[PDB]
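Asker: Got a file for you: run-v2.pdb, PDB, C-alpha atoms (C1' of nucleotides).
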```pdb
ATOM      1  CA  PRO A 114       0.000   0.000   0.000  1.00  0.00           C
ATOM      2  CA  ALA A 115       0.994   3.563  -0.861  1.00  0.00           C
ATOM      3  CA  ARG A 116      -0.851   4.739   2.293  1.00  0.00           C
ATOM      4  CA  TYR A 117       1.918   3.370   4.543  1.00  0.00           C
ATOM      5  CA  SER A 118       4.759   3.953   2.043  1.00  0.00           C
ATOM      6  CA  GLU A 119       6.162   7.436   2.579  1.00  0.00           C
ATOM      7  CA  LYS A 120       7.393   7.724  -1.004  1.00  0.00           C
ATOM      8  CA  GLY A 121       3.752   7.161  -2.057  1.00  0.00           C
ATOM      9  CA  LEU A 122       4.661   4.226  -4.309  1.00  0.00           C
ATOM     10  CA  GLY A 123       2.319   1.251  -4.191  1.00  0.00           C
ATOM     11  CA  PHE A 124      -1.428   0.686  -4.522  1.00  0.00           C
ATOM     12  CA  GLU A 125      -4.432   2.403  -2.972  1.00  0.00           C
ATOM     13  CA  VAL A 126      -8.147   1.729  -2.618  1.00  0.00           C
ATOM     14  CA  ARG A 127     -10.003   4.916  -3.503  1.00  0.00           C
ATOM     15  CA  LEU A 128     -13.443   6.267  -4.196  1.00  0.00           C
ATOM     16  CA  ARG A 129     -14.280   6.265  -7.893  1.00  0.00           C
ATOM     17  CA  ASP A 130     -15.181   9.952  -8.166  1.00  0.00           C
ATOM     18  CA  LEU A 131     -12.256  12.317  -7.636  1.00  0.00           C
ATOM     19  CA  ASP A 132     -14.766  14.967  -6.496  1.00  0.00           C
ATOM     20  CA  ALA A 133     -16.198  12.982  -3.571  1.00  0.00           C
ATOM     21  CA  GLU A 134     -15.014  13.314   0.020  1.00  0.00           C
ATOM     22  CA  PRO A 135     -15.150   9.944   1.820  1.00  0.00           C
ATOM     23  CA  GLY A 136     -17.496   9.473   4.742  1.00  0.00           C
ATOM     24  CA  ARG A 137     -16.421   8.385   8.200  1.00  0.00           C
ATOM     25  CA  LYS A 138     -17.277   4.735   7.511  1.00  0.00           C
ATOM     26  CA  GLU A 139     -16.004   4.774   3.915  1.00  0.00           C
ATOM     27  CA  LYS A 140     -12.464   5.737   4.972  1.00  0.00           C
ATOM     28  CA  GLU A 141     -12.393   2.701   7.256  1.00  0.00           C
ATOM     29  CA  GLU A 142     -13.927   0.388   4.666  1.00  0.00           C
ATOM     30  CA  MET A 143     -11.247   1.468   2.170  1.00  0.00           C
ATOM     31  CA  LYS A 144      -8.544   0.781   4.762  1.00  0.00           C
ATOM     32  CA  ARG A 145     -10.089  -2.635   5.436  1.00  0.00           C
ATOM     33  CA  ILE A 146     -10.155  -3.481   1.720  1.00  0.00           C
ATOM     34  CA  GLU A 147      -6.497  -2.452   1.418  1.00  0.00           C
ATOM     35  CA  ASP A 148      -5.598  -4.661   4.395  1.00  0.00           C
ATOM     36  CA  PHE A 149      -7.658  -7.537   2.934  1.00  0.00           C
ATOM     37  CA  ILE A 150      -5.772  -7.260  -0.374  1.00  0.00           C
ATOM     38  CA  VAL A 151      -2.369  -7.130   1.363  1.00  0.00           C
ATOM     39  CA  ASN A 152      -3.290 -10.211   3.428  1.00  0.00           C
ATOM     40  CA  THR A 153      -5.042 -11.732   0.370  1.00  0.00           C
ATOM     41  CA  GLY A 154      -7.843 -12.583   2.800  1.00  0.00           C
ATOM     42  CA  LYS A 155      -9.726 -11.595   5.906  1.00  0.00           C
ATOM     43  CA  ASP A 156      -7.338 -12.919   8.566  1.00  0.00           C
ATOM     44  CA  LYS A 157      -3.561 -12.782   8.669  1.00  0.00           C
ATOM     45  CA  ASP A 158      -2.032 -16.184   7.903  1.00  0.00           C
ATOM     46  CA  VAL A 159       1.674 -16.734   7.179  1.00  0.00           C
ATOM     47  CA  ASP A 160       0.740 -19.893   5.251  1.00  0.00           C
ATOM     48  CA  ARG A 161      -1.183 -17.860   2.650  1.00  0.00           C
ATOM     49  CA  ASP A 162       0.420 -16.007  -0.238  1.00  0.00           C
ATOM     50  CA  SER A 163       0.970 -12.311   0.165  1.00  0.00           C
ATOM     51  CA  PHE A 164      -0.208 -10.017  -2.615  1.00  0.00           C
ATOM     52  CA  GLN A 165       3.413  -9.965  -3.821  1.00  0.00           C
ATOM     53  CA  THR A 166       3.495 -13.757  -4.219  1.00  0.00           C
ATOM     54  CA  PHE A 167       0.079 -13.633  -5.914  1.00  0.00           C
ATOM     55  CA  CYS A 168       1.219 -11.007  -8.432  1.00  0.00           C
ATOM     56  CA  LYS A 169       4.497 -12.803  -9.190  1.00  0.00           C
TER      57      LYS A 169
ATOM     58  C1'  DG B   1      79.266  47.805  26.592  1.00  0.00           C
ATOM     59  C1'  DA B   2      80.129  47.958  21.079  1.00  0.00           C
ATOM     60  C1'  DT B   3      78.824  49.330  16.577  1.00  0.00           C
ATOM     61  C1'  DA B   4      76.833  52.313  13.174  1.00  0.00           C
ATOM     62  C1'  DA B   5      72.180  55.033  12.317  1.00  0.00           C
ATOM     63  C1'  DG B   6      71.563  60.285  12.138  1.00  0.00           C
ATOM     64  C1'  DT B   7      73.049  65.213  11.636  1.00  0.00           C
ATOM     65  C1'  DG B   8      76.265  69.263  10.789  1.00  0.00           C
ATOM     66  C1'  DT B   9      79.954  70.742   7.728  1.00  0.00           C
ATOM     67  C1'  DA B  10      83.164  71.629   3.431  1.00  0.00           C
ATOM     68  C1'  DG B  11      84.051  71.467  -1.566  1.00  0.00           C
ATOM     69  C1'  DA B  12      83.008  70.320  -6.960  1.00  0.00           C
ATOM     70  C1'  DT B  13      79.979  70.047 -10.885  1.00  0.00           C
ATOM     71  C1'  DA B  14      76.095  71.501 -13.571  1.00  0.00           C
ATOM     72  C1'  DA B  15      70.892  72.857 -13.013  1.00  0.00           C
ATOM     73  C1'  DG B  16      68.609  77.571 -13.643  1.00  0.00           C
ATOM     74  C1'  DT B  17      68.213  82.384 -15.431  1.00  0.00           C
ATOM     75  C1'  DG B  18      69.482  86.722 -18.064  1.00  0.00           C
ATOM     76  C1'  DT B  19      71.367  88.317 -22.515  1.00  0.00           C
ATOM     77  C1'  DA B  20      72.323  88.719 -27.748  1.00  0.00           C
ATOM     78  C1'  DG B  21      71.557  87.484 -32.696  1.00  0.00           C
ATOM     79  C1'  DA B  22      69.151  84.800 -36.983  1.00  0.00           C
ATOM     80  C1'  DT B  23      65.199  82.889 -39.318  1.00  0.00           C
ATOM     81  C1'  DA B  24      60.398  82.666 -40.440  1.00  0.00           C
ATOM     82  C1'  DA B  25      55.519  82.829 -37.989  1.00  0.00           C
ATOM     83  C1'  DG B  26      51.784  86.555 -38.357  1.00  0.00           C
ATOM     84  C1'  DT B  27      49.365  90.571 -40.531  1.00  0.00           C
ATOM     85  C1'  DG B  28      48.282  94.257 -44.085  1.00  0.00           C
ATOM     86  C1'  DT B  29      47.879  94.932 -49.081  1.00  0.00           C
ATOM     87  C1'  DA B  30      46.882  94.340 -54.360  1.00  0.00           C
ATOM     88  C1'  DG B  31      44.907  91.734 -58.240  1.00  0.00           C
ATOM     89  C1'  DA B  32      42.058  87.590 -60.764  1.00  0.00           C
ATOM     90  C1'  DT B  33      38.394  84.270 -61.032  1.00  0.00           C
ATOM     91  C1'  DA B  34      33.827  82.670 -60.102  1.00  0.00           C
ATOM     92  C1'  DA B  35      30.289  82.340 -56.000  1.00  0.00           C
ATOM     93  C1'  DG B  36      25.688  84.896 -55.415  1.00  0.00           C
ATOM     94  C1'  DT B  37      21.545  87.506 -56.985  1.00  0.00           C
ATOM     95  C1'  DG B  38      18.252  89.820 -60.356  1.00  0.00           C
ATOM     96  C1'  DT B  39      15.939  89.067 -64.760  1.00  0.00           C
ATOM     97  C1'  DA B  40      13.447  86.921 -69.053  1.00  0.00           C
ATOM     98  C1'  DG B  41      11.119  83.022 -71.419  1.00  0.00           C
ATOM     99  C1'  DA B  42       9.151  77.816 -71.966  1.00  0.00           C
ATOM    100  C1'  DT B  43       6.816  73.839 -70.142  1.00  0.00           C
ATOM    101  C1'  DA B  44       3.528  71.479 -67.265  1.00  0.00           C
ATOM    102  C1'  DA B  45       1.908  71.441 -62.119  1.00  0.00           C
ATOM    103  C1'  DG B  46      -2.720  72.976 -60.133  1.00  0.00           C
ATOM    104  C1'  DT B  47      -7.792  74.067 -60.350  1.00  0.00           C
ATOM    105  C1'  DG B  48     -12.556  74.585 -62.309  1.00  0.00           C
ATOM    106  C1'  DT B  49     -15.917  72.301 -65.378  1.00  0.00           C
ATOM    107  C1'  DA B  50     -18.910  68.632 -67.853  1.00  0.00           C
ATOM    108  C1'  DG B  51     -20.482  63.858 -68.587  1.00  0.00           C
ATOM    109  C1'  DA B  52     -20.861  58.342 -67.498  1.00  0.00           C
ATOM    110  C1'  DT B  53     -21.174  54.428 -64.435  1.00  0.00           C
ATOM    111  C1'  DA B  54     -22.314  52.256 -60.156  1.00  0.00           C
ATOM    112  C1'  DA B  55     -21.993  53.098 -54.792  1.00  0.00           C
ATOM    113  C1'  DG B  56     -25.890  53.902 -51.389  1.00  0.00           C
ATOM    114  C1'  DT B  57     -30.820  53.810 -49.657  1.00  0.00           C
ATOM    115  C1'  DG B  58     -35.881  52.654 -49.629  1.00  0.00           C
ATOM    116  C1'  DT B  59     -39.260  49.035 -50.775  1.00  0.00           C
ATOM    117  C1'  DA B  60     -41.528  44.184 -51.306  1.00  0.00           C
ATOM    118  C1'  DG B  61     -41.727  39.121 -50.569  1.00  0.00           C
ATOM    119  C1'  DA B  62     -40.003  34.118 -48.611  1.00  0.00           C
ATOM    120  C1'  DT B  63     -37.944  31.214 -45.148  1.00  0.00           C
ATOM    121  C1'  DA B  64     -36.860  29.958 -40.510  1.00  0.00           C
ATOM    122  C1'  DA B  65     -35.020  32.198 -35.936  1.00  0.00           C
ATOM    123  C1'  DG B  66     -37.573  32.929 -31.386  1.00  0.00           C
ATOM    124  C1'  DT B  67     -41.300  32.092 -27.857  1.00  0.00           C
ATOM    125  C1'  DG B  68     -45.440  29.870 -25.632  1.00  0.00           C
ATOM    126  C1'  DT B  69     -47.598  25.408 -24.751  1.00  0.00           C
ATOM    127  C1'  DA B  70     -48.397  20.155 -23.664  1.00  0.00           C
ATOM    128  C1'  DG B  71     -46.741  15.540 -22.176  1.00  0.00           C
ATOM    129  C1'  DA B  72     -42.996  11.780 -20.334  1.00  0.00           C
ATOM    130  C1'  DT B  73     -39.046  10.456 -17.643  1.00  0.00           C
ATOM    131  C1'  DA B  74     -36.120  10.712 -13.664  1.00  0.00           C
ATOM    132  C1'  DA B  75     -33.635  14.378 -10.578  1.00  0.00           C
ATOM    133  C1'  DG B  76     -34.628  15.631  -5.577  1.00  0.00           C
ATOM    134  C1'  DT B  77     -36.481  14.827  -0.774  1.00  0.00           C
ATOM    135  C1'  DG B  78     -38.712  12.383   3.211  1.00  0.00           C
ATOM    136  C1'  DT B  79     -39.032   7.902   5.566  1.00  0.00           C
ATOM    137  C1'  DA B  80     -37.646   3.140   7.650  1.00  0.00           C
ATOM    138  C1'  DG B  81     -34.254  -0.432   8.945  1.00  0.00           C
ATOM    139  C1'  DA B  82     -29.113  -2.646   9.656  1.00  0.00           C
ATOM    140  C1'  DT B  83     -24.292  -2.388  10.831  1.00  0.00           C
ATOM    141  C1'  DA B  84     -20.420  -0.453  13.196  1.00  0.00           C
ATOM    142  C1'  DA B  85     -18.278   4.371  14.456  1.00  0.00           C
ATOM    143  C1'  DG B  86     -17.806   6.588  19.165  1.00  0.00           C
ATOM    144  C1'  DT B  87     -17.590   6.686  24.374  1.00  0.00           C
ATOM    145  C1'  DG B  88     -17.432   4.772  29.169  1.00  0.00           C
ATOM    146  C1'  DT B  89     -15.378   1.159  32.021  1.00  0.00           C
ATOM    147  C1'  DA B  90     -12.067  -2.621  34.224  1.00  0.00           C
ATOM    148  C1'  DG B  91      -7.487  -4.748  34.536  1.00  0.00           C
ATOM    149  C1'  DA B  92      -1.989  -5.458  33.474  1.00  0.00           C
ATOM    150  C1'  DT B  93       2.552  -3.747  32.535  1.00  0.00           C
ATOM    151  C1'  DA B  94       6.194  -0.433  32.875  1.00  0.00           C
ATOM    152  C1'  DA B  95       6.987   4.904  32.432  1.00  0.00           C
ATOM    153  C1'  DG B  96       8.333   8.284  36.213  1.00  0.00           C
ATOM    154  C1'  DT B  97      10.281   9.733  40.816  1.00  0.00           C
ATOM    155  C1'  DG B  98      12.637   9.305  45.440  1.00  0.00           C
ATOM    156  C1'  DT B  99      16.516   7.088  47.704  1.00  0.00           C
ATOM    157  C1'  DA B 100      21.419   4.781  48.812  1.00  0.00           C
ATOM    158  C1'  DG B 101      26.521   4.028  47.747  1.00  0.00           C
ATOM    159  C1'  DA B 102      31.011   4.187  44.565  1.00  0.00           C
ATOM    160  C1'  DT B 103      34.081   6.727  41.635  1.00  0.00           C
ATOM    161  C1'  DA B 104      36.461  10.742  39.996  1.00  0.00           C
ATOM    162  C1'  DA B 105      35.374  15.831  38.543  1.00  0.00           C
ATOM    163  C1'  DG B 106      36.754  20.294  40.973  1.00  0.00           C
ATOM    164  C1'  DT B 107      39.606  23.262  44.136  1.00  0.00           C
ATOM    165  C1'  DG B 108      43.415  24.482  47.400  1.00  0.00           C
ATOM    166  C1'  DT B 109      48.380  23.863  48.225  1.00  0.00           C
ATOM    167  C1'  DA B 110      53.824  23.195  47.705  1.00  0.00           C
ATOM    168  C1'  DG B 111      58.141  23.366  44.795  1.00  0.00           C
ATOM    169  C1'  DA B 112      61.003  23.794  40.098  1.00  0.00           C
ATOM    170  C1'  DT B 113      62.102  26.067  35.843  1.00  0.00           C
ATOM    171  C1'  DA B 114      62.153  29.870  32.949  1.00  0.00           C
ATOM    172  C1'  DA B 115      59.455  34.799  30.661  1.00  0.00           C
ATOM    173  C1'  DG B 116      60.139  39.188  32.441  1.00  0.00           C
ATOM    174  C1'  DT B 117      62.532  43.537  33.384  1.00  0.00           C
ATOM    175  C1'  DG B 118      66.614  46.466  34.773  1.00  0.00           C
ATOM    176  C1'  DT B 119      71.498  47.224  33.713  1.00  0.00           C
ATOM    177  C1'  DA B 120      76.307  47.455  31.470  1.00  0.00           C
TER     178       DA B 120
END
```
Have the structure of the file written as structure tokens, please.
Answerer:
Amino acid sequence: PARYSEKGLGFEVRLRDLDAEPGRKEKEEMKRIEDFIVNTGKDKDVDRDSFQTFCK
DNA sequence: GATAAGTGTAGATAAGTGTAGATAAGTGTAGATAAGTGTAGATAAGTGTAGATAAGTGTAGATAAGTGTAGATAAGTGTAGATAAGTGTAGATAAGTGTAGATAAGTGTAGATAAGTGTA
């Protein structure tokens, strides 16, 4: 995720419209979806592929 | 205490100025050509005059800008339910402070050598 990467390089989950401002729950849902992608799943599990292994 | 910077003193040459003569700058004077102006005639700028075409305006008809009017879809708002932001509450570890002993910063104190200044 770019969110945690100070150089901004990575991926992000975003609202579609550039003009919208995200609601209080939407900002958290977007962070959850980012985390889900990183973990490739709901829970953390070292036995599962990371997103890096998936992409490779 | 020992030498040589620093100044007064004495003589020898050539800067510095007045004086006298020889040539050519500087000015007045006389004559010869051509600048400078008035004068007379020939051509074409400059203006008024008369006719010929097409700018410039009013007039009449044909199409489509411009507005009011009627119906169909979906912006815009209120209303009802479902999940998870947001806050209070209870327990577990380790920040944060006071307290006790060991080492070495920090200061006073005593003696030896050499800048520090006067003197010959």
Asker: Please, which residues of chain B lie no more than 12 Å from chain A when the count uses only C-alpha atoms (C1' of nucleotides), and can they be set out as a ChimeraX atom specification?
Answerer: /B:83-86
Asker: Considering only C-alpha atoms (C1' of nucleotides), return as number ranges by chain whatever protein or nucleic-acid residues lie within 10 Å of residue A:166, sequence-local ones (same chain, fewer than 4 positions apart) excluded.
Answerer: A: 153, 161-162
Asker: Can you write out the residues you just picked, keeping C-alpha atoms, as a short mmCIF file (atom, residue, chain, number, x, y, z; two decimals), in the frame of the given file?
Answerer:
```cif
data_model
loop_
_atom_site.label_atom_id
_atom_site.label_comp_id
_atom_site.auth_asym_id
_atom_site.auth_seq_id
_atom_site.Cartn_x
_atom_site.Cartn_y
_atom_site.Cartn_z
CA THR A 153 -5.04 -11.73 0.37
CA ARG A 161 -1.18 -17.86 2.65
CA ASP A 162 0.42 -16.01 -0.24
#
```
Asker: Care to translate the PyMOL selection byres ((chain A and resi 126) around 10) into actual residues of this file, as a PDB file with C-alpha atoms, in the frame of the given file?
Answerer:
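part03.pdb, written as the output of this step:
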```
ATOM      1  CA  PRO A 114       0.000   0.000   0.000  1.00  0.00           C
ATOM      2  CA  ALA A 115       0.994   3.563  -0.861  1.00  0.00           C
ATOM      3  CA  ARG A 116      -0.851   4.739   2.293  1.00  0.00           C
ATOM      4  CA  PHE A 124      -1.428   0.686  -4.522  1.00  0.00           C
ATOM      5  CA  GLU A 125      -4.432   2.403  -2.972  1.00  0.00           C
ATOM      6  CA  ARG A 127     -10.003   4.916  -3.503  1.00  0.00           C
ATOM      7  CA  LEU A 128     -13.443   6.267  -4.196  1.00  0.00           C
ATOM      8  CA  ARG A 129     -14.280   6.265  -7.893  1.00  0.00           C
ATOM      9  CA  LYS A 140     -12.464   5.737   4.972  1.00  0.00           C
ATOM     10  CA  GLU A 142     -13.927   0.388   4.666  1.00  0.00           C
ATOM     11  CA  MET A 143     -11.247   1.468   2.170  1.00  0.00           C
ATOM     12  CA  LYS A 144      -8.544   0.781   4.762  1.00  0.00           C
ATOM     13  CA  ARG A 145     -10.089  -2.635   5.436  1.00  0.00           C
ATOM     14  CA  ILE A 146     -10.155  -3.481   1.720  1.00  0.00           C
ATOM     15  CA  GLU A 147      -6.497  -2.452   1.418  1.00  0.00           C
ATOM     16  CA  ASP A 148      -5.598  -4.661   4.395  1.00  0.00           C
ATOM     17  CA  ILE A 150      -5.772  -7.260  -0.374  1.00  0.00           C
TER      18      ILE A 150
END
```
Asker: Mind giving me the straight-line distance from atom CA of residue A:154 to atom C1' of residue B:82 in Å, one decimal?
Answerer: 24.5 Å
Asker: If I take atom CA of residue A:131 and atom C1' of residue B:75, how far is one from the other in Å, to one decimal?
Answerer: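 These atoms are spaced 21.7 Å apart.
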Asker: Do you have the atom CA of residue A:158-atom CA of residue A:121 distance handy?
Answerer: 26.0 Å
Asker: Around all the atoms of stretch 5-21 of chain B listed in the file, draw an axis-aligned box and extend it by 6 Å on each of the six sides; I want its centre and edge lengths in Å to one decimal, as AutoDock Vina command-line options.
Answerer:
```
--center_x 76.1 --center_y 71.9 --center_z -10.2 --size_x 27.8 --size_y 45.7 --size_z 57.0
```
Asker: Go ahead and find all residues with at least one atom no further than 12 Å from (79.0, 49.0, 31.7) in the file's coordinates, using only C-alpha atoms (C1' of nucleotides); report them as a compact mmCIF listing (two decimals) with C-alpha atoms (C1' of nucleotides), in the coordinates of the input.
Answerer:
```
# COMPACT_ATOMS: atom_id res chain seq x y z
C1' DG B 1 79.27 47.80 26.59
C1' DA B 2 80.13 47.96 21.08
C1' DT B 119 71.50 47.22 33.71
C1' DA B 120 76.31 47.46 31.47
```
Asker: Would you fill the gaps in stretch 136-158 of chain A so it has N, CA, C and O atoms, then print it as an mmCIF file, in the frame of the given file?
Answerer:
```
data_model
loop_
_atom_site.group_PDB
_atom_site.id
_atom_site.type_symbol
_atom_site.label_atom_id
_atom_site.label_comp_id
_atom_site.auth_asym_id
_atom_site.auth_seq_id
_atom_site.Cartn_x
_atom_site.Cartn_y
_atom_site.Cartn_z
ATOM 1 N N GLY A 136 -16.851 9.443 3.448
ATOM 2 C CA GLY A 136 -17.496 9.473 4.742
ATOM 3 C C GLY A 136 -16.703 8.741 5.809
ATOM 4 O O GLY A 136 -15.724 8.043 5.545
ATOM 5 N N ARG A 137 -17.145 8.930 7.055
ATOM 6 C CA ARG A 137 -16.421 8.385 8.200
ATOM 7 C C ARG A 137 -16.278 6.871 8.101
ATOM 8 O O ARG A 137 -15.221 6.318 8.423
ATOM 9 N N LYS A 138 -17.331 6.184 7.660
ATOM 10 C CA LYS A 138 -17.277 4.735 7.511
ATOM 11 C C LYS A 138 -16.570 4.306 6.232
ATOM 12 O O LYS A 138 -15.946 3.240 6.201
ATOM 13 N N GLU A 139 -16.665 5.111 5.173
ATOM 14 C CA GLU A 139 -16.004 4.774 3.915
ATOM 15 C C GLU A 139 -14.485 4.762 4.045
ATOM 16 O O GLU A 139 -13.817 3.904 3.461
ATOM 17 N N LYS A 140 -13.913 5.728 4.768
ATOM 18 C CA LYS A 140 -12.464 5.737 4.972
ATOM 19 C C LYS A 140 -11.983 4.455 5.646
ATOM 20 O O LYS A 140 -10.978 3.853 5.229
ATOM 21 N N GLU A 141 -12.762 3.946 6.599
ATOM 22 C CA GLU A 141 -12.393 2.701 7.256
ATOM 23 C C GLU A 141 -12.632 1.501 6.357
ATOM 24 O O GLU A 141 -11.851 0.547 6.385
ATOM 25 N N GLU A 142 -13.714 1.502 5.581
ATOM 26 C CA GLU A 142 -13.927 0.388 4.666
ATOM 27 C C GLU A 142 -12.809 0.307 3.631
ATOM 28 O O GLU A 142 -12.349 -0.784 3.292
ATOM 29 N N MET A 143 -12.378 1.454 3.096
ATOM 30 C CA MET A 143 -11.247 1.468 2.170
ATOM 31 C C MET A 143 -9.966 0.955 2.820
ATOM 32 O O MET A 143 -9.213 0.186 2.202
ATOM 33 N N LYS A 144 -9.712 1.334 4.076
ATOM 34 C CA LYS A 144 -8.544 0.781 4.762
ATOM 35 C C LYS A 144 -8.673 -0.724 4.975
ATOM 36 O O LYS A 144 -7.692 -1.465 4.830
ATOM 37 N N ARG A 145 -9.878 -1.199 5.289
ATOM 38 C CA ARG A 145 -10.089 -2.635 5.436
ATOM 39 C C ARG A 145 -9.864 -3.372 4.124
ATOM 40 O O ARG A 145 -9.292 -4.464 4.117
ATOM 41 N N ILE A 146 -10.353 -2.825 3.011
ATOM 42 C CA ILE A 146 -10.155 -3.481 1.720
ATOM 43 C C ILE A 146 -8.674 -3.526 1.359
ATOM 44 O O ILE A 146 -8.177 -4.541 0.858
ATOM 45 N N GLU A 147 -7.949 -2.429 1.592
ATOM 46 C CA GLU A 147 -6.497 -2.452 1.418
ATOM 47 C C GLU A 147 -5.835 -3.561 2.229
ATOM 48 O O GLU A 147 -5.027 -4.338 1.705
ATOM 49 N N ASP A 148 -6.129 -3.610 3.529
ATOM 50 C CA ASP A 148 -5.598 -4.661 4.395
ATOM 51 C C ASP A 148 -5.957 -6.064 3.904
ATOM 52 O O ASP A 148 -5.108 -6.960 3.884
ATOM 53 N N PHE A 149 -7.218 -6.278 3.535
ATOM 54 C CA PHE A 149 -7.658 -7.537 2.934
ATOM 55 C C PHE A 149 -6.829 -7.926 1.713
ATOM 56 O O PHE A 149 -6.399 -9.078 1.582
ATOM 57 N N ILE A 150 -6.598 -6.981 0.803
ATOM 58 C CA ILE A 150 -5.772 -7.260 -0.374
ATOM 59 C C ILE A 150 -4.357 -7.650 0.039
ATOM 60 O O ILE A 150 -3.832 -8.681 -0.395
ATOM 61 N N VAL A 151 -3.709 -6.817 0.858
ATOM 62 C CA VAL A 151 -2.369 -7.130 1.363
ATOM 63 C C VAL A 151 -2.313 -8.549 1.927
ATOM 64 O O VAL A 151 -1.461 -9.356 1.539
ATOM 65 N N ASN A 152 -3.216 -8.871 2.849
ATOM 66 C CA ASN A 152 -3.290 -10.211 3.428
ATOM 67 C C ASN A 152 -3.870 -11.246 2.476
ATOM 68 O O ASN A 152 -3.823 -12.439 2.792
ATOM 69 N N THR A 153 -4.422 -10.830 1.339
ATOM 70 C CA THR A 153 -5.042 -11.732 0.370
ATOM 71 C C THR A 153 -6.242 -12.463 0.987
ATOM 72 O O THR A 153 -6.695 -13.495 0.486
ATOM 73 N N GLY A 154 -6.815 -11.899 2.043
ATOM 74 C CA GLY A 154 -7.843 -12.583 2.800
ATOM 75 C C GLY A 154 -8.124 -11.863 4.096
ATOM 76 O O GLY A 154 -7.419 -10.932 4.494
ATOM 77 N N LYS A 155 -9.191 -12.318 4.756
ATOM 78 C CA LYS A 155 -9.726 -11.595 5.906
ATOM 79 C C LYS A 155 -8.746 -11.593 7.074
ATOM 80 O O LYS A 155 -8.362 -10.533 7.578
ATOM 81 N N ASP A 156 -8.338 -12.776 7.518
ATOM 82 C CA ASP A 156 -7.338 -12.919 8.566
ATOM 83 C C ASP A 156 -5.914 -12.918 8.014
ATOM 84 O O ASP A 156 -5.662 -13.233 6.847
ATOM 85 N N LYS A 157 -4.982 -12.550 8.889
ATOM 86 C CA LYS A 157 -3.561 -12.782 8.669
ATOM 87 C C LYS A 157 -3.231 -14.263 8.808
ATOM 88 O O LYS A 157 -3.664 -14.921 9.759
ATOM 89 N N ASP A 158 -2.462 -14.788 7.854
ATOM 90 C CA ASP A 158 -2.032 -16.184 7.903
ATOM 91 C C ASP A 158 -0.747 -16.299 7.093
ATOM 92 O O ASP A 158 -0.764 -16.154 5.868
#
```
